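Here the structure comes first, spelled out in structure tokens, and everything after it is commentary.
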Amino acid sequence: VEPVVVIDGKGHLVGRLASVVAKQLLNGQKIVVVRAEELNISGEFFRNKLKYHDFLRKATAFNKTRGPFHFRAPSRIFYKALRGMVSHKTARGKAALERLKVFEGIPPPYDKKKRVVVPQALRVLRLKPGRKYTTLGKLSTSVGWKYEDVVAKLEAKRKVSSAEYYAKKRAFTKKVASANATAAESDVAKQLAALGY
Amino acid sequence: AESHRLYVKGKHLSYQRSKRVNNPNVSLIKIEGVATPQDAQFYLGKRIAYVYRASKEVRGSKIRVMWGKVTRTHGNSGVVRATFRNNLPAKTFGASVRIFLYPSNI
Amino acid sequence: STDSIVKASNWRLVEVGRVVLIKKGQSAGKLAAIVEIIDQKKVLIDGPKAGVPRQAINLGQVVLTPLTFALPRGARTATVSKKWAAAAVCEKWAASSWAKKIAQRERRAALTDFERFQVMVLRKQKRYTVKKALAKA
Amino acid sequence: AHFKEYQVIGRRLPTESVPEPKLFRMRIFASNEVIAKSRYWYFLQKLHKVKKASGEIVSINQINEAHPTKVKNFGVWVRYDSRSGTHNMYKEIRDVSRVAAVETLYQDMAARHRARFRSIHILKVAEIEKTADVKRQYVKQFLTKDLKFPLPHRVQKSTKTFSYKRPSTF
Amino acid sequence: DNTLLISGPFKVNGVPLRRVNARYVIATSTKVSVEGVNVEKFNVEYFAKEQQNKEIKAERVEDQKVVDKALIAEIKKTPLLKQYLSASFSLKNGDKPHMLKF
RNA sequence: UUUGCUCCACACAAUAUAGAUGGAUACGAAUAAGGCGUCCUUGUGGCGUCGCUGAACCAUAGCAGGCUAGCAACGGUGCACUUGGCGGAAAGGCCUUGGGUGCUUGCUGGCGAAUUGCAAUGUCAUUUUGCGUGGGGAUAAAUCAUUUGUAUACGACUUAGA
RNA sequence: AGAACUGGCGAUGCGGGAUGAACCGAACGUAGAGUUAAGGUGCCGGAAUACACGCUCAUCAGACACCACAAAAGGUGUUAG
RNA sequence: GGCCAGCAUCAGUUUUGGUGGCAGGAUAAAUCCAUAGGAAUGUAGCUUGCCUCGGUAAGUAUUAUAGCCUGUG
């Protein structure tokens, strides 16, 4: 319904997000996913570490370079789980993965635009309460991503700049709503109410 | 003024297919803003056109058109089958295809 | 200021006489009153004035509305109908904002194209007075 | 499916020198008419020496509920076959009608004790008229006066694939 | 010949008398009265066409004026109806035509 | 290298498109909780109110959007300009001051439309170039051959020479 | 290793079991529309992130006959008897 | 009288809606109304540790200043 749709990555599950993203790419919609380091995995923390380690030891014996490249970044972990869903060996799969862009944090210019969420992939709508989850940002720090002390610092710089925008926006909406309230009771206002606006 | 659109835009999803065999004569068309097959009864028999551009001009136009129409509903999510005169070139998986409003049942 | 500020966390909770709205099914958007709770997930509902028949329903198919009124547990359809009039919940329902929102998107669907033109011409007139009132104060 | 409770009446065979066999009725829970005639001979062959070829069925009747909109406590006696030898079970269901209570029983047996339809025998389904003689605990807790319980953390099912609101619970 | 005979009117929106196929047309609900209009003399043989860019026969132009003068007096009664016929139609975003009552 | 190269606006050819056809419309956090509003003893405060879907909001009338006569307003918006800021994560954008110029459907009129003949997407975008118009701008290095041995199977590498 | 009755493979494709001479559906002129079998409906991948009652947390969970895995016996872990 | 098409009224096959009339059963069962009994997760009333201006208290009391269950019609 929009040309480029920006999905906020916070509070989602890896698999259930990557399913509904992979169908939209094969249908032609362009999706850019931001704030990858806030993504979540069901199950407790010590499980999902060992699901990474038995993956981490699987590499080509005669030459380690040629084997499965074990990527560490939370975008790259998520891009893996999506890449297995799209048929990436054909020409249809290569042109479907060029519609996707996945970032850690929110880089410019995507901070100025709206971010969306996917309700069938939220954690707080899917899992039962009283159930252990796992933060992907902590997970990649435990297996060799030397950037959580940097990405979290840039967010604390961003959110202060973002809080200044919202206060300016909220005061402007206050002037409009006051102007809209005094504009009411007029003859043009009452005819709209009959028609439903 | 700012808008001129008299059609309902829609994507080309895939061919009618099995797990290992497809039939290129029947195309599958997704219509935007249509959820259930009870809504898909409206678009049955409507005309479809696929519009695309080419370098060599044929009769004063660089723009070319294949025609087709909706035959029947498909599935529970409101997906729609379609048949064309000459079938869609299979490079168009995920391409905007126009669904017009005529022949008007209203 | 030696008081315990502990939050309440207010909730709509099921009981006898909690009036509800049926979102999907045969009824599709009608009011009804819970007569007797069966277990965790099923209840027993009845609304005679709206037109829903008395039936047992799952709590998945129903939504909870904040209005309540006094009614004895296990009442019959004549007794619910008499208590329904005394509370006058059909007047109290339309006073709420959530009932008005239902009626508004119902009316916007039934708008004729000519009436959809009249919505346009009025909003062109309304925005002219607002932008003069704005950007002065 | 939706079970329907049936009455089946059986009369062995009119023969010379034995006229008027007595008559034999049963109450059968079956999803339609044809199964309940076949479920009738499954029990009635166990009780005494008859066969379907040495038998005929007098009449079938659909027994509706006497009072649907009333809420009843039901105590059900169940015999069933396990992986080991068979053994009894008494369970209590709170429901709307008799024939809807057997629906929640077979789901309960298949969930906890892993018993299909063919293994279970229904002994007697009885309504407990007076309260405070309910034996089980999980039925008893709904009998407290002025029972009110909240439903926290409700999920919302939205049709569009994208929602912009950052959706919130109750 | 199964066509519909329509007029703009010509002064309101620039659509002259024209045969139009019945199937290619969405019919709304709003109506104007048509009782005063002479139309009857028009038939299939009238519109048969059988660089110069010659002007529409004088027979064609005079019939256009007589039909519209009876029709504008019907249009002027209801509010915004002259403005309604003059403006074009398009489908905006979020307009779902199966739900749209026309 | 017969005036090569670069940038600015236009002139015309050429070539393409994984797929424009009103608008990608900016808090963060929590979900056994919050958004907003208002007041105070500014706090884990009081009170009022909203959700139960974007089915929203904004924009939207005129020959694919013409030519003209007014009215009330001192607004809105398009455009080149200009006074200022701010933004480095992939800033390549976000604001704001001042005049200039068109437009305005906020309100009321007068003219123009046909013949594309009963539909035939009935073409209006955005990428790379090329070739000439007139308007600015800047006047270099690399390899081979030669030589050095911190190098070397041969290429490579490291040096030196108007 | 050797027999008994029936079906099949050998001589036989097609749909399903990822893959497979023997299992499941079904046996073949060339084509069009219609409905189904066995199997399936998160994504690859055509088709409900459909509905309904429960159970289960695994520091090697489990996922569908032929079939590619398992034994006795223990465990105040949990549930119904 | 070649080529590609659009609309009408029909015929063969087939999918998807709307809507009307009738038949059967415990002549559906219920709700509904009329009565007869009876109990509690005990309404009015009443007794009492009672008493923050009258809540509580836990007994009484079978429709009264709420209603429900069972049989019959």
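How things are named: the first chain in the structure tokens is A, the next is B, and so on; residues count from 1 in each chain; ligands count from 1 in the order shown.
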Can you list every residue of chain F that has an atom at most 9 Å from chain C, with its nearest atom pair and the distance in Å to one decimal, using only C-alpha atoms (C1' of nucleotides), ordered by chain then number, as CSV?
```
residue,atom,partner,partner_atom,distance
F:32,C1',C:9,CA,8.0
F:33,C1',C:9,CA,7.7
F:44,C1',C:5,CA,7.8
F:45,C1',C:5,CA,8.8
F:50,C1',C:97,CA,8.5
F:51,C1',C:98,CA,8.9
F:52,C1',C:63,CA,7.5
F:55,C1',C:105,CA,6.5
F:60,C1',C:120,CA,7.7
F:61,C1',C:121,CA,8.2
F:75,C1',C:132,CA,5.3
F:76,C1',C:131,CA,7.4
F:105,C1',C:124,CA,7.7
F:106,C1',C:125,CA,6.0
```
Taking only C-alpha atoms (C1' of nucleotides) into account, report as a PDB file with N, CA and C atoms (P, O5', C5', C4', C3', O3' and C1' of nucleotides), in the first residue's frame which residues of chain H lie within 10 Å of chain E.
```pdb
ATOM      1  P     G H   6     -13.598  -9.243 -26.754  1.00  0.00           P
ATOM      2  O5'   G H   6     -14.674  -8.076 -26.791  1.00  0.00           O
ATOM      3  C5'   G H   6     -14.495  -6.897 -26.029  1.00  0.00           C
ATOM      4  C4'   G H   6     -15.653  -5.956 -26.223  1.00  0.00           C
ATOM      5  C3'   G H   6     -17.027  -6.541 -25.943  1.00  0.00           C
ATOM      6  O3'   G H   6     -17.363  -6.496 -24.570  1.00  0.00           O
ATOM      7  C1'   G H   6     -17.048  -5.445 -28.030  1.00  0.00           C
ATOM      8  P     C H   7     -18.337  -7.597 -23.931  1.00  0.00           P
ATOM      9  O5'   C H   7     -19.785  -7.132 -24.377  1.00  0.00           O
ATOM     10  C5'   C H   7     -20.300  -5.882 -23.963  1.00  0.00           C
ATOM     11  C4'   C H   7     -21.565  -5.549 -24.703  1.00  0.00           C
ATOM     12  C3'   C H   7     -22.665  -6.587 -24.620  1.00  0.00           C
ATOM     13  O3'   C H   7     -23.394  -6.522 -23.409  1.00  0.00           O
ATOM     14  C1'   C H   7     -22.406  -5.892 -26.861  1.00  0.00           C
ATOM     15  P     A H   8     -24.483  -7.642 -23.070  1.00  0.00           P
ATOM     16  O5'   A H   8     -25.805  -7.086 -23.746  1.00  0.00           O
ATOM     17  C5'   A H   8     -27.013  -7.806 -23.641  1.00  0.00           C
ATOM     18  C4'   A H   8     -27.754  -7.851 -24.948  1.00  0.00           C
ATOM     19  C3'   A H   8     -28.462  -9.156 -25.228  1.00  0.00           C
ATOM     20  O3'   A H   8     -29.681  -9.262 -24.528  1.00  0.00           O
ATOM     21  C1'   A H   8     -27.277  -8.493 -27.145  1.00  0.00           C
TER      22        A H   8
END
```
Among the residues of chain B, find those DSSP assigns to strand (DSSP E or B) from the backbone and print them as a ChimeraX atom specification.
-> /B:7-17,22-31,47-53,63-74,79-84,96-100
Using only C-alpha atoms (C1' of nucleotides), find which residues of chain A lie within 9 Å of chain F and jot them down as a tab-separated table (two decimals) with N, CA, C and O atoms, in the first residue's frame.
```tsv
chain	number	residue	atom	x	y	z
A	2	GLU	N	2.17	1.02	0.32
A	2	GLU	CA	3.18	2.07	0.34
A	2	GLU	C	4.38	1.61	-0.46
A	2	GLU	O	4.59	0.41	-0.63
A	3	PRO	N	5.18	2.54	-1.00
A	3	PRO	CA	6.35	2.12	-1.78
A	3	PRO	C	7.42	1.42	-0.96
A	3	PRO	O	7.84	0.31	-1.33
A	4	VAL	N	7.89	2.01	0.13
A	4	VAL	CA	8.91	1.41	0.98
A	4	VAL	C	8.42	1.44	2.42
A	4	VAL	O	8.15	2.51	2.96
A	5	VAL	N	8.32	0.27	3.04
A	5	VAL	CA	7.71	0.13	4.36
A	5	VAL	C	8.80	-0.16	5.36
A	5	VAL	O	9.61	-1.07	5.15
A	6	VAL	N	8.83	0.60	6.45
A	6	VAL	CA	9.90	0.53	7.44
A	6	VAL	C	9.39	-0.21	8.67
A	6	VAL	O	8.55	0.32	9.40
A	28	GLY	N	6.68	-8.33	-4.21
A	28	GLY	CA	7.14	-7.09	-4.80
A	28	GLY	C	7.22	-5.91	-3.87
A	28	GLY	O	7.66	-4.84	-4.30
A	92	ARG	N	14.69	-15.52	-9.31
A	92	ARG	CA	13.59	-14.94	-8.56
A	92	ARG	C	14.01	-14.66	-7.13
A	92	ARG	O	13.55	-13.68	-6.52
A	95	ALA	N	16.54	-11.39	-7.05
A	95	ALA	CA	15.82	-10.13	-7.17
A	95	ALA	C	14.83	-9.92	-6.04
A	95	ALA	O	14.31	-8.81	-5.90
A	96	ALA	N	14.55	-10.93	-5.23
A	96	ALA	CA	13.72	-10.75	-4.06
A	96	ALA	C	14.51	-10.30	-2.85
A	96	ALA	O	13.94	-9.68	-1.95
A	105	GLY	N	20.15	-0.60	14.75
A	105	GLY	CA	19.73	0.75	15.06
A	105	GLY	C	18.82	1.30	13.99
A	105	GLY	O	18.19	0.57	13.23
A	106	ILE	N	18.74	2.63	13.93
A	106	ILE	CA	18.06	3.33	12.85
A	106	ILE	C	19.04	4.33	12.25
A	106	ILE	O	19.32	5.35	12.88
A	107	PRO	N	19.59	4.07	11.08
A	107	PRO	CA	20.48	5.03	10.45
A	107	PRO	C	19.68	6.04	9.66
A	107	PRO	O	18.53	5.77	9.30
A	108	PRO	N	20.24	7.21	9.38
A	108	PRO	CA	19.60	8.14	8.46
A	108	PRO	C	19.60	7.56	7.06
A	108	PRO	O	20.55	6.86	6.68
A	109	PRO	N	18.56	7.81	6.26
A	109	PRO	CA	17.42	8.70	6.47
A	109	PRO	C	16.20	8.07	7.11
A	109	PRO	O	15.13	8.67	7.06
A	110	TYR	N	16.32	6.88	7.71
A	110	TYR	CA	15.13	6.17	8.12
A	110	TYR	C	14.64	6.62	9.49
A	110	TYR	O	13.63	6.11	9.99
A	111	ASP	N	15.32	7.57	10.13
A	111	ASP	CA	14.82	8.08	11.40
A	111	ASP	C	13.71	9.10	11.18
A	111	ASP	O	12.90	9.34	12.08
A	112	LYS	N	13.67	9.72	10.01
A	112	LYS	CA	12.67	10.74	9.75
A	112	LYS	C	11.33	10.14	9.36
A	112	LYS	O	10.31	10.83	9.36
A	113	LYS	N	11.31	8.86	9.01
A	113	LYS	CA	10.07	8.27	8.52
A	113	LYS	C	9.37	7.44	9.59
A	113	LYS	O	9.92	7.17	10.66
A	114	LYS	N	8.15	7.03	9.28
A	114	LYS	CA	7.34	6.22	10.17
A	114	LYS	C	7.88	4.80	10.23
A	114	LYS	O	8.32	4.23	9.23
A	115	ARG	N	7.85	4.21	11.43
A	115	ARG	CA	8.15	2.80	11.60
A	115	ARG	C	6.86	2.06	11.92
A	115	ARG	O	5.95	2.60	12.54
A	124	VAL	N	4.55	-9.83	22.57
A	124	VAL	CA	3.59	-9.65	23.64
A	124	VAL	C	2.19	-10.10	23.21
A	124	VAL	O	1.29	-10.25	24.04
A	151	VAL	N	26.40	0.76	19.32
A	151	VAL	CA	25.04	0.91	18.81
A	151	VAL	C	24.10	1.42	19.89
A	151	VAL	O	23.25	2.27	19.61
A	154	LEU	N	24.70	5.24	20.29
A	154	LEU	CA	24.11	6.08	19.26
A	154	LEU	C	22.60	6.20	19.42
A	154	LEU	O	22.01	7.18	18.96
A	159	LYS	N	17.62	9.37	20.68
A	159	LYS	CA	16.35	9.50	21.39
A	159	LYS	C	16.18	10.87	22.03
A	159	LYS	O	15.05	11.34	22.22
A	162	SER	N	15.11	12.88	19.21
A	162	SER	CA	13.74	12.53	18.85
A	162	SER	C	12.73	13.07	19.85
A	162	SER	O	11.59	13.35	19.48
A	163	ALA	N	13.13	13.21	21.11
A	163	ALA	CA	12.20	13.71	22.12
A	163	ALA	C	11.94	15.20	21.94
A	163	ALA	O	10.89	15.71	22.36
A	164	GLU	N	12.89	15.91	21.35
A	164	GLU	CA	12.69	17.33	21.07
A	164	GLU	C	11.69	17.53	19.95
A	164	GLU	O	10.94	18.51	19.94
A	165	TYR	N	11.68	16.62	18.97
A	165	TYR	CA	10.73	16.72	17.88
A	165	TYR	C	9.31	16.47	18.35
A	165	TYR	O	8.37	17.14	17.90
A	166	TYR	N	9.13	15.51	19.25
A	166	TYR	CA	7.78	15.11	19.64
A	166	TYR	C	7.12	16.17	20.49
A	166	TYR	O	5.90	16.38	20.40
A	167	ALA	N	7.89	16.86	21.33
A	167	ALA	CA	7.35	17.95	22.12
A	167	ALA	C	6.92	19.12	21.25
A	167	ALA	O	5.91	19.76	21.55
```
Between G:38, G:59, G:27, G:70, which is the closest to residue 48 in chain A once you count only C-alpha atoms (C1' of nucleotides)?
->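 Smallest distance to residue 48 in chain A is found for G:59.
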Can you tell me how far CA of residue 62 in chain C sits from CA of residue 169 in chain D, in Å to one decimal?
->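 Straight-line distance from CA of residue 62 in chain C to CA of residue 169 in chain D works out to 16.0 Å.
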Skip residue 115 in chain C itself and residues of its chain fewer than 2 positions away, then list as a ChimeraX atom specification all residues within 12 Å of it, counting only C-alpha atoms (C1' of nucleotides).
-> /A:191-192,194-196 /C:107-113,117-122 /E:28-30,79-81,84,101-102
Residues of chain G were defined as contacting chain D if any atom lay at most 10 Å from it, counting only C-alpha atoms (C1' of nucleotides); please report them as a PDB file with N, CA, C and O atoms (P, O5', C5', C4', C3', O3' and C1' of nucleotides), in the first residue's frame.
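Full text of result39.pdb as output:
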```
ATOM      1  P     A G  52     -12.075 -20.218  18.951  1.00  0.00           P
ATOM      2  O5'   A G  52     -12.299 -21.730  19.381  1.00  0.00           O
ATOM      3  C5'   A G  52     -13.610 -22.232  19.574  1.00  0.00           C
ATOM      4  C4'   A G  52     -13.600 -23.645  20.097  1.00  0.00           C
ATOM      5  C3'   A G  52     -12.578 -23.961  21.168  1.00  0.00           C
ATOM      6  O3'   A G  52     -12.965 -23.495  22.444  1.00  0.00           O
ATOM      7  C1'   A G  52     -12.630 -25.704  19.581  1.00  0.00           C
ATOM      8  P     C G  53     -11.855 -23.207  23.561  1.00  0.00           P
ATOM      9  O5'   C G  53     -11.678 -24.611  24.279  1.00  0.00           O
ATOM     10  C5'   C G  53     -12.789 -25.270  24.861  1.00  0.00           C
ATOM     11  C4'   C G  53     -12.437 -26.675  25.267  1.00  0.00           C
ATOM     12  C3'   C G  53     -11.185 -26.823  26.111  1.00  0.00           C
ATOM     13  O3'   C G  53     -11.389 -26.513  27.477  1.00  0.00           O
ATOM     14  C1'   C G  53     -11.176 -28.440  24.388  1.00  0.00           C
ATOM     15  P     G G  54     -10.217 -25.812  28.320  1.00  0.00           P
ATOM     16  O5'   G G  54      -9.456 -27.027  28.997  1.00  0.00           O
ATOM     17  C5'   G G  54      -8.048 -27.144  28.893  1.00  0.00           C
ATOM     18  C4'   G G  54      -7.641 -28.577  28.688  1.00  0.00           C
ATOM     19  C3'   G G  54      -6.171 -28.879  28.885  1.00  0.00           C
ATOM     20  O3'   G G  54      -5.826 -29.026  30.248  1.00  0.00           O
ATOM     21  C1'   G G  54      -6.906 -29.874  26.888  1.00  0.00           C
ATOM     22  P     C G  55      -4.432 -28.450  30.790  1.00  0.00           P
ATOM     23  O5'   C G  55      -3.357 -29.464  30.213  1.00  0.00           O
ATOM     24  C5'   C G  55      -3.336 -30.807  30.654  1.00  0.00           C
ATOM     25  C4'   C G  55      -2.403 -31.638  29.822  1.00  0.00           C
ATOM     26  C3'   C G  55      -0.952 -31.213  29.850  1.00  0.00           C
ATOM     27  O3'   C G  55      -0.268 -31.694  30.989  1.00  0.00           O
ATOM     28  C1'   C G  55      -1.623 -31.579  27.617  1.00  0.00           C
ATOM     29  P     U G  79      -0.056 -29.998  38.690  1.00  0.00           P
ATOM     30  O5'   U G  79      -0.956 -30.925  37.766  1.00  0.00           O
ATOM     31  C5'   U G  79      -1.597 -30.384  36.627  1.00  0.00           C
ATOM     32  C4'   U G  79      -2.063 -31.457  35.682  1.00  0.00           C
ATOM     33  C3'   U G  79      -3.213 -32.316  36.157  1.00  0.00           C
ATOM     34  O3'   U G  79      -4.469 -31.676  36.047  1.00  0.00           O
ATOM     35  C1'   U G  79      -1.559 -33.678  35.173  1.00  0.00           C
ATOM     36  P     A G  80      -5.458 -31.641  37.309  1.00  0.00           P
ATOM     37  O5'   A G  80      -6.215 -33.034  37.245  1.00  0.00           O
ATOM     38  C5'   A G  80      -7.300 -33.206  36.355  1.00  0.00           C
ATOM     39  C4'   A G  80      -7.308 -34.576  35.731  1.00  0.00           C
ATOM     40  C3'   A G  80      -7.955 -35.679  36.536  1.00  0.00           C
ATOM     41  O3'   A G  80      -9.363 -35.649  36.453  1.00  0.00           O
ATOM     42  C1'   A G  80      -5.919 -36.450  35.645  1.00  0.00           C
ATOM     43  P     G G  81     -10.246 -36.247  37.645  1.00  0.00           P
ATOM     44  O5'   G G  81     -10.150 -37.816  37.427  1.00  0.00           O
ATOM     45  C5'   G G  81     -10.183 -38.697  38.531  1.00  0.00           C
ATOM     46  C4'   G G  81      -9.650 -40.054  38.165  1.00  0.00           C
ATOM     47  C3'   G G  81      -9.716 -41.090  39.268  1.00  0.00           C
ATOM     48  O3'   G G  81     -10.988 -41.693  39.362  1.00  0.00           O
ATOM     49  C1'   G G  81      -7.558 -41.094  38.342  1.00  0.00           C
TER      50        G G  81
END
```
Non-local contacts of range 36-49 of chain B (6 Å; only C-alpha atoms (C1' of nucleotides); under 2 positions in same chain excluded) as a PDB file with N, CA, C and O atoms, in the first residue's frame:
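Below you can see result02.pdb, which holds the result:
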```
ATOM      1  N   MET B  66      -1.203  -6.556 -22.809  1.00  0.00           N
ATOM      2  CA  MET B  66      -1.853  -7.856 -22.914  1.00  0.00           C
ATOM      3  C   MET B  66      -3.191  -7.767 -22.205  1.00  0.00           C
ATOM      4  O   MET B  66      -3.279  -7.175 -21.127  1.00  0.00           O
ATOM      5  N   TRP B  67      -4.217  -8.373 -22.781  1.00  0.00           N
ATOM      6  CA  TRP B  67      -5.521  -8.361 -22.145  1.00  0.00           C
ATOM      7  C   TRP B  67      -5.839  -9.698 -21.502  1.00  0.00           C
ATOM      8  O   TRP B  67      -5.262 -10.730 -21.845  1.00  0.00           O
ATOM      9  N   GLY B  68      -6.789  -9.668 -20.578  1.00  0.00           N
ATOM     10  CA  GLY B  68      -7.273 -10.870 -19.937  1.00  0.00           C
ATOM     11  C   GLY B  68      -8.507 -10.593 -19.111  1.00  0.00           C
ATOM     12  O   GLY B  68      -9.114  -9.529 -19.252  1.00  0.00           O
ATOM     13  N   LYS B  69      -8.872 -11.522 -18.229  1.00  0.00           N
ATOM     14  CA  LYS B  69     -10.067 -11.374 -17.414  1.00  0.00           C
ATOM     15  C   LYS B  69      -9.995 -12.318 -16.228  1.00  0.00           C
ATOM     16  O   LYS B  69      -9.206 -13.264 -16.215  1.00  0.00           O
ATOM     17  N   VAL B  70     -10.828 -12.036 -15.236  1.00  0.00           N
ATOM     18  CA  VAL B  70     -10.977 -12.875 -14.054  1.00  0.00           C
ATOM     19  C   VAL B  70     -11.936 -14.014 -14.378  1.00  0.00           C
ATOM     20  O   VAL B  70     -13.009 -13.786 -14.940  1.00  0.00           O
ATOM     21  N   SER B  77      -8.132 -16.566   1.051  1.00  0.00           N
ATOM     22  CA  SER B  77      -7.646 -15.216   1.294  1.00  0.00           C
ATOM     23  C   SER B  77      -8.025 -14.234   0.198  1.00  0.00           C
ATOM     24  O   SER B  77      -7.468 -13.133   0.162  1.00  0.00           O
ATOM     25  N   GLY B  78      -8.940 -14.596  -0.694  1.00  0.00           N
ATOM     26  CA  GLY B  78      -9.375 -13.667  -1.718  1.00  0.00           C
ATOM     27  C   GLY B  78      -8.464 -13.567  -2.917  1.00  0.00           C
ATOM     28  O   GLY B  78      -8.553 -12.596  -3.672  1.00  0.00           O
ATOM     29  N   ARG B  98      -3.182  -4.035 -13.886  1.00  0.00           N
ATOM     30  CA  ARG B  98      -4.375  -3.219 -13.730  1.00  0.00           C
ATOM     31  C   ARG B  98      -5.631  -4.064 -13.856  1.00  0.00           C
ATOM     32  O   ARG B  98      -5.774  -4.840 -14.803  1.00  0.00           O
ATOM     33  N   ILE B  99      -6.543  -3.904 -12.905  1.00  0.00           N
ATOM     34  CA  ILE B  99      -7.876  -4.503 -12.968  1.00  0.00           C
ATOM     35  C   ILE B  99      -8.857  -3.354 -13.155  1.00  0.00           C
ATOM     36  O   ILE B  99      -9.040  -2.513 -12.273  1.00  0.00           O
ATOM     37  N   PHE B 100      -9.491  -3.305 -14.320  1.00  0.00           N
ATOM     38  CA  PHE B 100     -10.444  -2.247 -14.606  1.00  0.00           C
ATOM     39  C   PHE B 100     -11.795  -2.554 -13.989  1.00  0.00           C
ATOM     40  O   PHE B 100     -11.984  -3.591 -13.352  1.00  0.00           O
ATOM     41  N   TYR B 102     -14.873  -2.081 -15.801  1.00  0.00           N
ATOM     42  CA  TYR B 102     -15.814  -2.580 -16.790  1.00  0.00           C
ATOM     43  C   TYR B 102     -15.445  -4.008 -17.178  1.00  0.00           C
ATOM     44  O   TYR B 102     -14.262  -4.350 -17.199  1.00  0.00           O
ATOM     45  N   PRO B 103     -16.423  -4.867 -17.514  1.00  0.00           N
ATOM     46  CA  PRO B 103     -17.874  -4.760 -17.688  1.00  0.00           C
ATOM     47  C   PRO B 103     -18.644  -4.555 -16.387  1.00  0.00           C
ATOM     48  O   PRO B 103     -18.553  -5.361 -15.467  1.00  0.00           O
TER      49      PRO B 103
END
```
Quick one: DSSP alpha helix (DSSP H) residues in range 3-179 of chain A, as a VMD selection string?
-> chain A and resid 14 to 26 45 to 56 74 to 83 91 to 97 123 to 126 136 to 142 148 to 179
